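Text of input38.cif, listed as mmCIF, C-alpha atoms:
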data_structure
#
loop_
_atom_site.label_atom_id
_atom_site.label_comp_id
_atom_site.auth_asym_id
_atom_site.auth_seq_id
_atom_site.Cartn_x
_atom_site.Cartn_y
_atom_site.Cartn_z
CA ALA A 1 0.00 0.00 0.00
CA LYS A 2 2.54 2.53 1.24
CA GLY A 3 1.10 5.60 -0.48
CA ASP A 4 0.80 6.02 -4.25
CA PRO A 5 -2.44 6.83 -6.11
CA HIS A 6 -3.66 4.27 -8.66
CA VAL A 7 -6.79 4.54 -10.80
CA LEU A 8 -7.82 0.88 -10.57
CA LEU A 9 -9.82 -0.35 -13.58
CA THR A 10 -11.32 -3.71 -14.42
CA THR A 11 -12.21 -3.91 -18.11
CA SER A 12 -13.91 -6.92 -19.68
CA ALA A 13 -10.40 -8.33 -20.13
CA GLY A 14 -9.42 -8.08 -16.48
CA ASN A 15 -8.73 -5.92 -13.41
CA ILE A 16 -5.83 -3.56 -14.18
CA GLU A 17 -4.39 -0.58 -12.27
CA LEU A 18 -3.25 2.86 -13.45
CA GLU A 19 -1.07 5.06 -11.23
CA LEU A 20 -1.32 8.86 -11.46
CA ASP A 21 0.77 11.85 -10.38
CA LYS A 22 -0.98 14.73 -8.67
CA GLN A 23 1.82 17.09 -7.66
CA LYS A 24 2.82 18.13 -11.18
CA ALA A 25 -0.85 18.81 -12.13
CA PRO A 26 -3.11 19.59 -9.15
CA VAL A 27 -5.80 21.17 -11.34
CA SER A 28 -6.28 18.26 -13.73
CA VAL A 29 -6.40 15.69 -10.92
CA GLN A 30 -9.31 17.54 -9.29
CA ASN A 31 -11.23 17.49 -12.58
CA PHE A 32 -10.88 13.78 -13.34
CA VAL A 33 -11.45 12.80 -9.69
CA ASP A 34 -14.78 14.61 -10.15
CA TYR A 35 -15.56 12.09 -12.89
CA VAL A 36 -13.61 9.31 -11.16
CA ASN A 37 -15.70 9.89 -8.04
CA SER A 38 -18.55 8.35 -10.07
CA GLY A 39 -20.80 8.49 -13.14
CA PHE A 40 -18.58 7.93 -16.18
CA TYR A 41 -16.18 4.98 -16.07
CA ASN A 42 -18.71 2.53 -14.59
CA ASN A 43 -19.64 1.39 -18.13
CA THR A 44 -17.55 3.23 -20.69
CA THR A 45 -14.79 1.25 -22.42
CA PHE A 46 -11.45 1.68 -24.19
CA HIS A 47 -11.95 2.96 -27.75
CA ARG A 48 -8.97 0.89 -28.85
CA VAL A 49 -5.18 0.86 -29.13
CA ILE A 50 -2.27 1.02 -31.50
CA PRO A 51 -0.68 -2.45 -31.25
CA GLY A 52 2.06 -3.04 -28.67
CA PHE A 53 2.49 0.74 -28.35
CA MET A 54 -0.39 2.56 -26.63
CA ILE A 55 -3.92 1.86 -25.39
CA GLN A 56 -6.19 4.86 -24.70
CA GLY A 57 -8.67 5.37 -23.27
CA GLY A 58 -11.88 6.46 -21.54
CA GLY A 59 -14.25 8.32 -23.86
CA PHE A 60 -17.03 7.28 -26.25
CA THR A 61 -19.33 5.10 -24.14
CA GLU A 62 -19.26 1.59 -25.60
CA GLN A 63 -19.55 1.77 -29.39
CA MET A 64 -18.21 5.34 -29.30
CA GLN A 65 -20.56 8.30 -28.83
CA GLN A 66 -19.53 11.25 -26.66
CA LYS A 67 -20.87 11.29 -23.12
CA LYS A 68 -21.15 15.02 -22.71
CA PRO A 69 -17.63 16.36 -21.96
CA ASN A 70 -16.15 19.85 -22.14
CA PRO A 71 -15.12 21.11 -18.58
CA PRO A 72 -12.11 22.96 -20.04
CA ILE A 73 -9.13 22.92 -17.67
CA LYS A 74 -5.72 24.19 -18.90
CA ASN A 75 -2.10 23.28 -19.65
CA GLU A 76 -1.39 19.53 -19.80
CA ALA A 77 1.64 17.94 -21.47
CA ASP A 78 3.88 20.60 -19.86
CA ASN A 79 3.68 18.61 -16.60
CA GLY A 80 4.52 14.89 -16.72
CA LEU A 81 8.36 14.58 -16.53
CA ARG A 82 10.31 11.66 -18.02
CA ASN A 83 9.27 8.01 -18.07
CA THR A 84 8.37 5.06 -20.34
CA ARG A 85 5.76 2.52 -21.53
CA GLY A 86 3.92 2.31 -18.27
CA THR A 87 2.77 5.96 -17.98
CA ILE A 88 -0.73 7.29 -18.62
CA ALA A 89 -1.31 10.70 -20.26
CA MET A 90 -4.20 12.99 -21.25
CA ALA A 91 -5.22 13.47 -24.89
CA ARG A 92 -6.10 17.09 -25.83
CA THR A 93 -8.32 18.97 -28.30
CA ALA A 94 -8.21 21.23 -31.36
CA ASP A 95 -8.47 24.41 -29.28
CA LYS A 96 -5.58 23.68 -26.94
CA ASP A 97 -6.35 24.35 -23.28
CA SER A 98 -9.04 21.74 -22.61
CA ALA A 99 -8.68 17.97 -22.16
CA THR A 100 -11.98 17.81 -20.28
CA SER A 101 -12.16 14.04 -19.68
CA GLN A 102 -10.09 11.48 -21.59
CA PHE A 103 -6.75 9.73 -21.06
CA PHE A 104 -4.76 6.87 -22.63
CA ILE A 105 -2.41 4.15 -21.41
CA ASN A 106 0.94 3.78 -23.21
CA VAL A 107 3.24 0.72 -23.06
CA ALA A 108 6.29 1.26 -25.32
CA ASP A 109 9.24 3.62 -24.85
CA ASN A 110 7.73 6.93 -25.99
CA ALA A 111 9.29 10.25 -24.89
CA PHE A 112 8.97 11.43 -28.51
CA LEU A 113 5.79 13.32 -27.57
CA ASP A 114 7.79 15.03 -24.78
CA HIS A 115 6.77 18.66 -25.28
CA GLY A 116 10.05 20.13 -26.56
CA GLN A 117 9.74 21.44 -30.13
CA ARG A 118 7.36 23.09 -32.62
CA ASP A 119 4.59 20.94 -31.14
CA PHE A 120 2.43 20.23 -28.09
CA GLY A 121 -0.55 17.86 -27.70
CA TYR A 122 -0.54 14.70 -25.57
CA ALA A 123 -0.70 15.25 -21.81
CA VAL A 124 0.53 12.87 -19.08
CA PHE A 125 0.00 12.27 -15.34
CA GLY A 126 0.20 8.50 -14.57
CA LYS A 127 1.59 5.07 -15.26
CA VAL A 128 0.80 1.35 -14.80
CA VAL A 129 1.69 -0.92 -11.87
CA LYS A 130 0.21 -4.41 -12.28
CA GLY A 131 -2.23 -5.61 -14.92
CA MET A 132 -0.20 -4.35 -17.89
CA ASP A 133 -0.67 -7.82 -19.39
CA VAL A 134 -4.45 -7.34 -19.19
CA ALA A 135 -3.99 -4.16 -21.23
CA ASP A 136 -1.83 -6.21 -23.61
CA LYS A 137 -4.30 -9.08 -23.99
CA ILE A 138 -6.89 -6.35 -24.62
CA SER A 139 -4.49 -4.80 -27.14
CA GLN A 140 -4.18 -8.35 -28.58
CA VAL A 141 -7.76 -8.93 -29.76
CA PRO A 142 -8.06 -7.82 -33.39
CA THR A 143 -9.97 -4.72 -34.52
CA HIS A 144 -10.45 -2.44 -37.46
CA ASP A 145 -9.99 1.10 -38.71
CA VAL A 146 -13.43 2.54 -38.05
CA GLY A 147 -13.55 5.65 -40.18
CA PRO A 148 -12.84 8.82 -38.20
CA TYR A 149 -11.13 7.17 -35.21
CA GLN A 150 -8.53 4.76 -36.60
CA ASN A 151 -8.02 1.75 -34.32
CA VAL A 152 -11.17 0.40 -32.67
CA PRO A 153 -11.83 -3.12 -31.36
CA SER A 154 -14.48 -4.42 -33.74
CA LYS A 155 -15.56 -6.73 -30.92
CA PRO A 156 -15.67 -3.85 -28.43
CA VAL A 157 -14.32 -3.85 -24.88
CA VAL A 158 -16.56 -2.83 -21.95
CA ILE A 159 -15.21 -1.48 -18.66
CA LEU A 160 -16.36 -2.99 -15.37
CA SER A 161 -15.12 -0.41 -12.83
CA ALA A 162 -12.71 2.35 -11.77
CA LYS A 163 -11.76 2.69 -8.09
CA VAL A 164 -8.96 4.99 -6.95
CA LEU A 165 -6.86 3.91 -3.96
CA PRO A 166 -5.77 6.50 -1.39
#

Rewritten as structure tokens:
Amino acid sequence: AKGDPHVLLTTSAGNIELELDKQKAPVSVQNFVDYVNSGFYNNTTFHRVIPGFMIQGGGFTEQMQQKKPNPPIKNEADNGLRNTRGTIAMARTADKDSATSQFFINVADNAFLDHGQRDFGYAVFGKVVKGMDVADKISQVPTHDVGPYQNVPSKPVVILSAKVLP
């Protein structure tokens, strides 16, 4: 136990466990915890995943059809320090300052995205302790390019739960 926050999630595949910062992004944490607290994850899913590289997720409920997001926070990527396939990170949005409710679980040595150039998009504020495999196995089952959103599990996943540990 010790003391290290972990957004625990049990998708159809199995019970996994994210682990999230806090310090480097107080604001964001508050937001998601709002959602986390309840009414959202209970029966969303995981859109999909680029093979052995990066699973999302949290967004389009089931098939994929916006909940009703848009509680626009602020700066993201510029607060996630170094790491590797294991970290979670927030998506973004056309505008810029937003990322209302949606994150994605990596796996492979990334860094590339590391805000440091004529660019800035993908946030960050977590990781992955245990059920990485689960994620994998999930990211194993075939899929298909949908149309708009490339990479979506034809035979869709369905999340069971999301319970944060102190």

Checklist entry - Looking at A:126, A:39, A:142, A:71, which one is nearest to residue 23 of chain A, with distances taken over all atoms listed in the file? => result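 Among the listed residues, the smallest separation from residue 23 of chain A belongs to A:126.
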
Checklist entry - Skipping near chain neighbours, those fewer than 5 positions away, what residues fall within 8 Å of residue 77 of chain A using all atoms listed in the file, listed as a VMD selection string? => result chain A and resid 89 to 90 114 to 115 120 to 124

For the selection you just gave me, I'd like the residues written to a file as an mmCIF file, keeping the file's coordinate frame, keeping C-alpha atoms.
data_model
loop_
_atom_site.group_PDB
_atom_site.id
_atom_site.type_symbol
_atom_site.label_atom_id
_atom_site.label_comp_id
_atom_site.auth_asym_id
_atom_site.auth_seq_id
_atom_site.Cartn_x
_atom_site.Cartn_y
_atom_site.Cartn_z
ATOM 1 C CA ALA A 89 -1.310 10.700 -20.260
ATOM 2 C CA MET A 90 -4.200 12.990 -21.250
ATOM 3 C CA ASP A 114 7.790 15.030 -24.780
ATOM 4 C CA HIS A 115 6.770 18.660 -25.280
ATOM 5 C CA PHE A 120 2.430 20.230 -28.090
ATOM 6 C CA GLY A 121 -0.550 17.860 -27.700
ATOM 7 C CA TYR A 122 -0.540 14.700 -25.570
ATOM 8 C CA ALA A 123 -0.700 15.250 -21.810
ATOM 9 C CA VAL A 124 0.530 12.870 -19.080
#

Item to check | Shortest interatomic distance to residue 27 of chain A - which of A:72, A:58, A:14, A:51, counting all atoms listed in the file | outcome: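 Smallest distance to residue 27 of chain A is found for A:72.
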
Checklist entry - For the file shown, what are the residues hit by the PyMOL selection byres ((chain A and resi 43) around 8), laid out as a ChimeraX atom specification? => result /A:40-42,44-45,61-62,158-161

Checklist entry - Between atom CA of residue 165 of chain A and atom CA of residue 100 of chain A, what is the spacing in Å? => result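 Calculated distance between atom CA of residue 100 of chain A and atom CA of residue 165 of chain A is 22.0 Å.
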
Item to check | Nearest to residue 52 of chain A, chosen from A:91, A:113, A:132, A:33, with only C-alpha atoms counted in the distances | outcome: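 The shortest atom-to-atom distance to residue 52 of chain A comes from A:132.
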
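Pairwise distance (atom CA of residue 75 of chain A, atom CA of residue 97 of chain A) equals 5.7 Å.
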
Checklist entry - atom CA of residue 35 of chain A to atom CA of residue 53 of chain A: how many Å, to one decimal? => result 26.3 Å

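Comparing A:105, A:86, A:15, A:164 by their smallest distance to residue 139 of chain A, the closest is A:105 (using only C-alpha atoms).
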
Item to check | Contacts of residue 163 of chain A at 8 Å (all atoms listed in the file; same-chain gap of 6+ positions) as an MDAnalysis selection string | outcome: chainID A and resid 7:9 36

Will you model N, CA, C and O atoms for segment 11-37 of chain A and pass it back as an mmCIF file, in the frame of the given file?
data_model
loop_
_atom_site.group_PDB
_atom_site.id
_atom_site.type_symbol
_atom_site.label_atom_id
_atom_site.label_comp_id
_atom_site.auth_asym_id
_atom_site.auth_seq_id
_atom_site.Cartn_x
_atom_site.Cartn_y
_atom_site.Cartn_z
ATOM 1 N N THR A 11 -11.521 -3.732 -16.816
ATOM 2 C CA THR A 11 -12.210 -3.910 -18.110
ATOM 3 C C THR A 11 -12.568 -5.376 -18.333
ATOM 4 O O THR A 11 -12.050 -6.279 -17.668
ATOM 5 N N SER A 12 -13.450 -5.567 -19.312
ATOM 6 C CA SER A 12 -13.910 -6.920 -19.680
ATOM 7 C C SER A 12 -12.762 -7.921 -19.620
ATOM 8 O O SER A 12 -12.936 -9.039 -19.125
ATOM 9 N N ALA A 13 -11.603 -7.492 -20.127
ATOM 10 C CA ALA A 13 -10.400 -8.330 -20.130
ATOM 11 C C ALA A 13 -10.083 -8.818 -18.724
ATOM 12 O O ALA A 13 -10.091 -10.020 -18.439
ATOM 13 N N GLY A 14 -9.802 -7.833 -17.880
ATOM 14 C CA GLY A 14 -9.420 -8.080 -16.480
ATOM 15 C C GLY A 14 -9.179 -6.803 -15.676
ATOM 16 O O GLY A 14 -9.162 -5.693 -16.216
ATOM 17 N N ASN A 15 -8.995 -7.018 -14.369
ATOM 18 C CA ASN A 15 -8.730 -5.920 -13.410
ATOM 19 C C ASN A 15 -7.285 -5.461 -13.531
ATOM 20 O O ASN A 15 -6.360 -6.155 -13.100
ATOM 21 N N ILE A 16 -7.137 -4.261 -14.101
ATOM 22 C CA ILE A 16 -5.830 -3.560 -14.180
ATOM 23 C C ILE A 16 -5.747 -2.441 -13.138
ATOM 24 O O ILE A 16 -6.582 -2.352 -12.232
ATOM 25 N N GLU A 17 -4.698 -1.622 -13.276
ATOM 26 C CA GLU A 17 -4.390 -0.580 -12.270
ATOM 27 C C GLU A 17 -3.462 0.487 -12.834
ATOM 28 O O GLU A 17 -2.247 0.276 -12.889
ATOM 29 N N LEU A 18 -4.044 1.641 -13.183
ATOM 30 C CA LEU A 18 -3.250 2.860 -13.450
ATOM 31 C C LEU A 18 -2.703 3.449 -12.146
ATOM 32 O O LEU A 18 -3.224 3.201 -11.055
ATOM 33 N N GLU A 19 -1.669 4.277 -12.327
ATOM 34 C CA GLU A 19 -1.070 5.060 -11.230
ATOM 35 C C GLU A 19 -0.774 6.466 -11.751
ATOM 36 O O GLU A 19 -0.145 6.628 -12.801
ATOM 37 N N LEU A 20 -1.278 7.453 -11.003
ATOM 38 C CA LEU A 20 -1.320 8.860 -11.460
ATOM 39 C C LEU A 20 -0.573 9.794 -10.508
ATOM 40 O O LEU A 20 -0.612 9.635 -9.285
ATOM 41 N N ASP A 21 0.077 10.783 -11.127
ATOM 42 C CA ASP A 21 0.770 11.850 -10.380
ATOM 43 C C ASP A 21 -0.177 12.546 -9.418
ATOM 44 O O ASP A 21 -0.819 11.912 -8.574
ATOM 45 N N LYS A 22 -0.208 13.867 -9.572
ATOM 46 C CA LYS A 22 -0.980 14.730 -8.670
ATOM 47 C C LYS A 22 -0.241 16.048 -8.491
ATOM 48 O O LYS A 22 -0.778 17.120 -8.781
ATOM 49 N N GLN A 23 0.985 15.918 -7.984
ATOM 50 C CA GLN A 23 1.820 17.090 -7.660
ATOM 51 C C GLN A 23 1.964 17.978 -8.890
ATOM 52 O O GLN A 23 1.646 19.169 -8.839
ATOM 53 N N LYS A 24 2.474 17.375 -9.967
ATOM 54 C CA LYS A 24 2.820 18.130 -11.180
ATOM 55 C C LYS A 24 1.601 18.677 -11.930
ATOM 56 O O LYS A 24 1.783 19.403 -12.912
ATOM 57 N N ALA A 25 0.387 18.331 -11.477
ATOM 58 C CA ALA A 25 -0.850 18.810 -12.130
ATOM 59 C C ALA A 25 -2.034 18.666 -11.174
ATOM 60 O O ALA A 25 -2.923 17.835 -11.382
ATOM 61 N N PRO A 26 -2.032 19.512 -10.143
ATOM 62 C CA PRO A 26 -3.110 19.590 -9.150
ATOM 63 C C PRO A 26 -4.473 19.769 -9.823
ATOM 64 O O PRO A 26 -5.408 19.007 -9.565
ATOM 65 N N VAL A 27 -4.546 20.804 -10.664
ATOM 66 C CA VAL A 27 -5.800 21.170 -11.340
ATOM 67 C C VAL A 27 -6.448 19.940 -11.957
ATOM 68 O O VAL A 27 -7.541 19.534 -11.555
ATOM 69 N N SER A 28 -5.752 19.389 -12.952
ATOM 70 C CA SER A 28 -6.280 18.260 -13.730
ATOM 71 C C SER A 28 -6.845 17.180 -12.810
ATOM 72 O O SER A 28 -7.989 16.751 -12.986
ATOM 73 N N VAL A 29 -6.021 16.756 -11.849
ATOM 74 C CA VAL A 29 -6.400 15.690 -10.920
ATOM 75 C C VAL A 29 -7.796 15.934 -10.351
ATOM 76 O O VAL A 29 -8.639 15.034 -10.374
ATOM 77 N N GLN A 30 -8.010 17.154 -9.854
ATOM 78 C CA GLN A 30 -9.310 17.540 -9.290
ATOM 79 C C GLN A 30 -10.425 17.207 -10.278
ATOM 80 O O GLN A 30 -11.403 16.544 -9.924
ATOM 81 N N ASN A 31 -10.245 17.695 -11.507
ATOM 82 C CA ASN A 31 -11.230 17.490 -12.580
ATOM 83 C C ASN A 31 -11.611 16.013 -12.671
ATOM 84 O O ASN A 31 -12.764 15.643 -12.423
ATOM 85 N N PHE A 32 -10.625 15.201 -13.062
ATOM 86 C CA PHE A 32 -10.880 13.780 -13.340
ATOM 87 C C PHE A 32 -11.491 13.095 -12.123
ATOM 88 O O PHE A 32 -12.479 12.370 -12.262
ATOM 89 N N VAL A 33 -10.907 13.345 -10.946
ATOM 90 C CA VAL A 33 -11.450 12.800 -9.690
ATOM 91 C C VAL A 33 -12.952 13.072 -9.598
ATOM 92 O O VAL A 33 -13.712 12.200 -9.170
ATOM 93 N N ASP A 34 -13.353 14.275 -10.019
ATOM 94 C CA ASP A 34 -14.780 14.610 -10.150
ATOM 95 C C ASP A 34 -15.487 13.458 -10.856
ATOM 96 O O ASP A 34 -16.382 12.823 -10.291
ATOM 97 N N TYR A 35 -15.044 13.218 -12.091
ATOM 98 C CA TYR A 35 -15.560 12.090 -12.890
ATOM 99 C C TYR A 35 -15.312 10.788 -12.139
ATOM 100 O O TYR A 35 -16.254 10.063 -11.810
ATOM 101 N N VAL A 36 -14.029 10.525 -11.883
ATOM 102 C CA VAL A 36 -13.610 9.310 -11.160
ATOM 103 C C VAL A 36 -14.572 8.999 -10.025
ATOM 104 O O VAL A 36 -15.085 7.881 -9.924
ATOM 105 N N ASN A 37 -14.797 10.018 -9.193
ATOM 106 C CA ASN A 37 -15.700 9.890 -8.040
ATOM 107 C C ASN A 37 -16.938 9.051 -8.371
ATOM 108 O O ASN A 37 -17.448 8.344 -7.497
#
